[PDB]
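Starting off, we have a lone chain in the form deposited without ligand TMP, written out as structure tokens.
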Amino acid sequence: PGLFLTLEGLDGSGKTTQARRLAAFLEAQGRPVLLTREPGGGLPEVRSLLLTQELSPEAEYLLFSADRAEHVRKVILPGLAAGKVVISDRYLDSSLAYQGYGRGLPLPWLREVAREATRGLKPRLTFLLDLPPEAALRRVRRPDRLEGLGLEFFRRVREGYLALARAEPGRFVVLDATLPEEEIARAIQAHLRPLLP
């Protein structure tokens, strides 16, 4: 039986680091793992196409969705059927936070599109590394994709993630990303222990 886990948060939150550490932990326990990420896990060329000038938010979401559709069908679902713990650094939630709450695309449309794109595949758990957007922005420069975009954009993203976590409190594990790195890794692993076992 596979297990689908995701990690989410602003760039700089630590989700990338924690995704890697979790993979390495499970590998040390003899468990097969697939460590992946969006965007690019399905169609790597979408990472390039996402640097098109003045790209509409709609087309941006649809390109992310095409990538995610391949990601689910070619990478994630086969890994799960193979019994792996498939860990994605970003999944659907990132599109809802960034393109929904961030860019203002209507959420019902985002979800109508995602319904087939994902085949309804949802993570068993999702680790949200939460922290203030001012704090995120100081840790690391933004993706080339997200320049111009100001503090208020990132606030809407941060709050959107938190609204997603409120609606799906069983799925979302919200962690304070200003805790020490070891403490976040400890908490992630504590959440996973009864599942892996």
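Superpose the two forms; the largest set of C-alphas matching within 1.5 Å is the rigid core. Numbers for residues come from their place in the sequence shown, where the first is 1. Only residues modelled in both forms are compared.
Below: the form deposited with ligand TMP bound, not depicted.
- Shown here without its partner, the chain carries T126, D130 and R171, none of which come within 4.5 Å of ligand TMP in the bound PDB entry through any heavy atom.
- In summary, the region of this chain contacting ligand TMP in the bound PDB entry, judged by heavy atoms within 4.5 Å and restricted to 74-82, 90-98, 104-112, 118-126, corresponds to 90-98.
- At a distance threshold of 4.5 angstroms between non-hydrogen atoms, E38 is in contact with ligand TMP in the bound PDB entry.
- In the bound PDB entry, ligand TMP lies farther than 4.5 Å from every heavy atom of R156.
- Using a 4.5 Å cut-off on any heavy atom, the one residue of 66-85 that reaches ligand TMP in the bound PDB entry is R68.
- Segments of 3 or more consecutive residues in which every C-alpha moves by 2 Å or more between the shown form and the other one, counting only residues present in both forms and fitting on the core, reduce to a single one: 51-54.
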